[PDB]
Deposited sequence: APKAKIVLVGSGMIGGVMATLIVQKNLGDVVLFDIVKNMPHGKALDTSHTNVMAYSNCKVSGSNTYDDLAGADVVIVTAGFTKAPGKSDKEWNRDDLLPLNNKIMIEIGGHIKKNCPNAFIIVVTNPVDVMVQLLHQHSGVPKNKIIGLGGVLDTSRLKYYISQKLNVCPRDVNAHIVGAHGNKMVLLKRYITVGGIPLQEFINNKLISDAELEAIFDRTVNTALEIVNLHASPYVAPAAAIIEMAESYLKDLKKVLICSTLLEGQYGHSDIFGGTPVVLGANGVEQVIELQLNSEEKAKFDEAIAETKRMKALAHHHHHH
């Protein structure tokens, strides 16, 4: 069938939520790939039954074989060690190299979404080893980080969460750049709401800090924050598959935007049938650019540690 084939390279906790959401949305056939024996087949089996409840017809199959990447339209990479964090960098580089080789051989035309931490480094490593065009590979970041910021502001203002829009750029992770100037509520500048004393600057500062620290907050509450990451990835994948042309903030190859080249960073892009159809460069002021620069420097620092043991 001409249904899309979506291969999840990595079938951990985020993988299972992604599979669930693909079936809910009838987005395409799913392969849960993982190096762990049996487990992806078990999760695939469980998930496949939900086709009945969902009125969908998506195959869900497990795989321990890289060659099942053949014919993939979308590949989502979450595989990688997670337990210095910097020590994992050369190990995960090797994983990106291996995965990239298989993409080059089996599905060179696939659209690739990378998630493996640190994403802004790992996406570029996979880009270089997979050989795919710059418009066909992106990293998770801004959709996820802004979902937090948007959500927290929406609860304060008592409006629909999607009606808050916001931009976090540069990198996923602790050096993410939260741009106060680019927040809107129902399309209205947030500053109007500050002027009206519906929300204060001090509240926003606390919300900014909460946003940066959210993954840590959930971990400290004895949960693992994989559900929102899954939903953000599926929003990205869906925009590609359905040619929605949504503006979504993702990690993409910079070719001079923000004064930066030869590196991936978080910025609004337009995702449609041709992949990254547009890279949007926010017209940052010097103070915002300085923070963007710090985010890029940290990506570069980690990229340098990733190459050798």
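- Of the deposited sequence, positions 84 to 92, 319 to 321 lack any modelled C-alpha atom.
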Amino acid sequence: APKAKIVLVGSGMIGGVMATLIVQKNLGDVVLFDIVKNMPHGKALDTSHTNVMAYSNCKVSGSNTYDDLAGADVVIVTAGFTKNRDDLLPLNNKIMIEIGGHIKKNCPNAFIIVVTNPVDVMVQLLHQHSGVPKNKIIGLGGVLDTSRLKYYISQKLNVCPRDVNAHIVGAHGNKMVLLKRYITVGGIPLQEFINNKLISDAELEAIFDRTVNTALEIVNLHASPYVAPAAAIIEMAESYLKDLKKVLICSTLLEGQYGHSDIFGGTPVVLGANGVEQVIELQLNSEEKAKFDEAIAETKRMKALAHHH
From here on, numbers count along this sequence of modelled residues.
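By rigid core we mean the largest C-alpha set that fits within 1.5 Å across both forms.
- The higher RMS C-alpha distance to the shown form in 6 other deposited structures of this protein, out of 192 to 200 and 92 to 100, belongs to 92 to 100, with every structure fitted on the core.
- Here the rigid core sets the fit, and in 6 other deposited structures of this protein the C-alphas of 216 to 224 stray farther than those of the other stretch, out of 216 to 224 and 72 to 80.
- As recorded in the PDB entry, 199 to 207 is the stretch of 114 to 122 and 199 to 207 with the greater mean C-alpha temperature factor.
- The stretch 28 to 36 shows the higher mean C-alpha B-factor when 46 to 54 is compared against 28 to 36 in the entry.
- Considering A230, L179, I97, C160 together, the PDB entry gives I97 the largest C-alpha B factor.
- Listed residues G187, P225, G142, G80 were ranked by CA B-factor as deposited; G80 comes out on top.
- Remark: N135 belongs to the middle third of its chain, ranked by C-alpha B-factor as recorded.
- The entry lists a Cα temperature factor for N64 that places it in the highest third of the chain's modelled residues.
- In this PDB entry, the Cα temperature factor of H167 sits in the bottom third of its chain's modelled residues, the lowest group.
- Compared with the other modelled residues of the chain, the Cα B-factor recorded for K156 ranks in the middle third.
- The entry lists a Cα temperature factor for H260 that places it in the highest third of the chain's modelled residues.
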